[PDB]
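A single chain comes next, written as structure tokens; it is the form deposited in one PDB entry.
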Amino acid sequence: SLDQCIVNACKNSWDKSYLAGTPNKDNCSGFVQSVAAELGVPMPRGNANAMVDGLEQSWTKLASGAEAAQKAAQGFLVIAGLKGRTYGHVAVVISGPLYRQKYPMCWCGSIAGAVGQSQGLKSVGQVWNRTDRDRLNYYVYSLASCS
């Protein structure tokens, strides 16, 4: 599996602040801006919702969380995202075994605290809730980030 440079970018971005005075661990959007910047990947800017609108319009869209975990393993940056009536959420999907045989592991910051957060050990199906977990979108960038 080739996701290590993504994971590493994730680890490094975790302590950064894409916004002045706001550690990425508390800013889901900011957190992926830094992950993307450390990997030379252009990423639509804005809050979570605006980022999802941008992914929708310009990135490849995958079918399952399964397919998302494969693209991570292949060395590709994958974003799991889902708008909200008010605020959305985005996360970086990484390779490894699907939780409940369906939801891939991820990294994501969150203004909600630990229960909105993940350092590689919580699947998307443990960040998003029972209802939202099955409604996620998965976007993969068009060129690999990891050799």
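Note that residue numbering follows the sequence shown and begins at 1.
Below, we turn to the form deposited with a partner chain bound, even though it does not appear here.
**Q** Does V127 reach its partner chain in the entry with it bound if we count a contact as any heavy atom within 4.5 Å?
**A** Although its partner chain is absent here, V127 would touch it in the entry with it bound, with heavy atoms inside 4.5 Å.
**Q** Since only the chain is shown here, I'm wondering whether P42 would be in contact with its partner chain in the entry with it bound (any heavy atom pair within 4.5 Å).
**A** So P42 does not count as contacting its partner chain.
**Q** Check whether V115 has any heavy atom within 4.5 Å of a heavy atom of its partner chain in the entry with it bound, and answer yes or no.
**A** Answer yes; at least one heavy atom of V115 falls within 4.5 Å of its partner chain in the entry with it bound.
**Q** Residue-level contact is defined here as any heavy atom of the residue lying within 4.5 Å of its partner chain in the entry with it bound; does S110 satisfy this criterion?
**A** Answer yes; at least one heavy atom of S110 falls within 4.5 Å of its partner chain in the entry with it bound.
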